[PDB]
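Peer 1: Residue 25 is where the sequence shown starts when you use the working numbering, and the numbers rise one by one after that. C-beta atoms are modelled at their ideal positions from N, C-alpha and C, and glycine is treated no differently.
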Amino acid sequence: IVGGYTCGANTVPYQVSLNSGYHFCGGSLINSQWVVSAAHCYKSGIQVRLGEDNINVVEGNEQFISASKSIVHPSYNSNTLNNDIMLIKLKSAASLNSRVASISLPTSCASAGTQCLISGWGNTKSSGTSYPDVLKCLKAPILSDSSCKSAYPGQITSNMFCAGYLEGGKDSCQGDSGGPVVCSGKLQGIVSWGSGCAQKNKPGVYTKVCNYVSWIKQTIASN
Ligand SMILES: N=C(N)Nc1ccc(C(=O)O)cc1
Ligand SMILES: [Ca+2]
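Set out below in structure tokens:
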């Protein structure tokens, strides 16, 4: 997260870190056994880390649970990033509490102008490279479909939306991948892609979660 703020320990209780020896992506806890992330975060050997603030220090609220299976969306295209969504099942159910909690799925899509919270452990620099240890947060509005398409000609599908600031300065960045965009207590987005970070007229692009609620629910119901 570039141009954000320190969230505060365990203030984003649905935020997870995906770890394969090191943090490599974010994710969102949607029930005791399931995490939603980006398809471009897919790899084998994933451990889900819940209750994290400082990802380099055991602070006492963590739960470390290995993934039993990952399900990348059937229509994910890694070239265009269309359908950039994946589900991860935990080997055992997380113990839910005030600091480790699921986030609600949307019942309808959020509109341009809706204010949201984007969070992650990604790069905090738009030019250089600096990775934070503690979770970073950014309050950002959803942008109109037209402004999103104008920012990225030929690249915005019906399964994507832009959020952030056309002036730049405040954005998601590498390492925030797969993490949450939450608006009015609902998971509306997944950190998906962009051109650099916090650059003028290049806001973050997010997977449009409301399009996938049926797939998420039916997948969970049979797996
Ligand atoms: N938000 C931006 N303009 N850049 C950007 C966004 C997401 C990712 C990701 O890897 O998920 C990387 C870079
Ligand atoms: Ca920790």
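1. Using 7 Å as the cut-off, classify the Cβ of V60 as near or not near the heavy atoms of ligand 1, replying yes or no.
2. So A117 is in the alpha helix (DSSP H); what residue range does that whole segment cover?
3. When the Cα atoms are used, what is the spatial distance from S216 to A117?
4. Run through DSSP, which three-state label would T231 get?
5. Check whether the Cβ of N78 lies closer than 7 Å to any heavy atom of ligand 2, and answer yes or no.
6. Assess contact between the region 227 to 239 and the region 203 to 214, defined as three or more Cβ pairs (one per stretch) separated by less than 8 Å. Is contact present?
7. Please determine, among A245, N78, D77, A63, the residue with the shortest C-alpha to C-alpha distance to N103.
8. Specify whether the region 138 to 145 and the region 159 to 167 touch according to this definition: at least 3 beta carbon pairs, one from each stretch, less than 8 Å apart.
9. Counting C-beta neighbours from all protein chains within 10 Å, is the total for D157 16 or more, i.e. buried, or is it exposed?
10. Please name the residue, chosen from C161, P227, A125, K93, that lies closest to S246 on a Cα-to-Cα basis.
11. Please classify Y46 as buried or exposed, where buried requires at least 16 neighbouring CB atoms within 10 angstroms.
12. Along the chain, where does the beta strand (DSSP E) containing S94 start, and where does it finish?
13. Count the other CB atoms within 10 Å of the CB of residue 252; is the residue buried (16 or more) or exposed (fewer)?
14. Would you say the region 50 to 63 touches the region 172 to 185, given that touching needs at least three Cβ pairs under 8 Å?
15. Whole angstroms is fine: what's the gap from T30's alpha carbon to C161's?
16. Decide if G193 is buried, meaning its Cβ has at least 16 other Cβ atoms within 10 Å, or exposed.
Peer 2: Taking the structure as given:
1. Counting from one through the sequence shown, the residue named residue 60 turns up at place 36. No, the beta carbon of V60 sits no closer than 7 Å to any heavy atom of ligand 1.
2. Position 93 of the sequence shown, counted from the first residue, corresponds to residue 117. Taken as a continuous stretch (DSSP letters only), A117 belongs to no alpha helix (DSSP H), as it is neither H nor E.
3. Taking the first residue of the sequence shown as position 1, residue 216 is located at position 192. Taking the first residue of the sequence shown as position 1, residue 117 is located at position 93. Going by the C-alpha atoms only, they are around 26 Å apart.
4. The sequence position of residue 231 within the sequence shown is 207, counting from 1. Judged by DSSP in its simplified three-state form, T231 adopts strand.
5. What you label residue 78 is simply residue 54 of the sequence shown in a count that begins at 1. At least one heavy atom of ligand 2 is nearer than 7 Å to the Cβ of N78, so yes.
6. yes
7. Sequence index remark: in the sequence shown, residue 103 carries index 79 (1-based). Answer by Cα proximity: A63.
8. yes
9. Counting from one through the sequence shown, the residue named residue 157 turns up at place 133. With fewer than 16 other Cβ atoms within 10 Å, it is exposed.
10. As a first step, residue 246 must be located in the sequence shown, where it is residue number 222. Comparing Cα-Cα distances from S246 to each of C161, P227, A125, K93, the minimum goes to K93.
11. Here residue 46 refers to the residue found at position 22 when the sequence shown is read from its first residue. Looking at its Cβ environment, which holds fewer than 16 other Cβ atoms inside 10 Å, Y46 is exposed.
12. For this step, residue 94 is matched to residue 70 along the sequence shown. That run of the beta strand (DSSP E) goes 87 to 96.
13. Because residue 252 is not part of the residues shown, which for the chain are 25 to 247, the question remains open.
14. Per the Cβ contact rule, the region 50 to 63 is not in contact with the region 172 to 185 (fewer than 3 Cβ pairs under 8 Å).
15. Position 6 of the sequence shown, counted from the start, is the residue given in the question as residue 30. Position 137 of the sequence shown, counted from the start, is the residue given in the question as residue 161. Computed Cα separation, rounded: 6 Å.
16. Sequence index remark: in the sequence shown, residue 193 carries index 169 (1-based). Its Cβ having fewer than 16 others within 10 Å, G193 is exposed.
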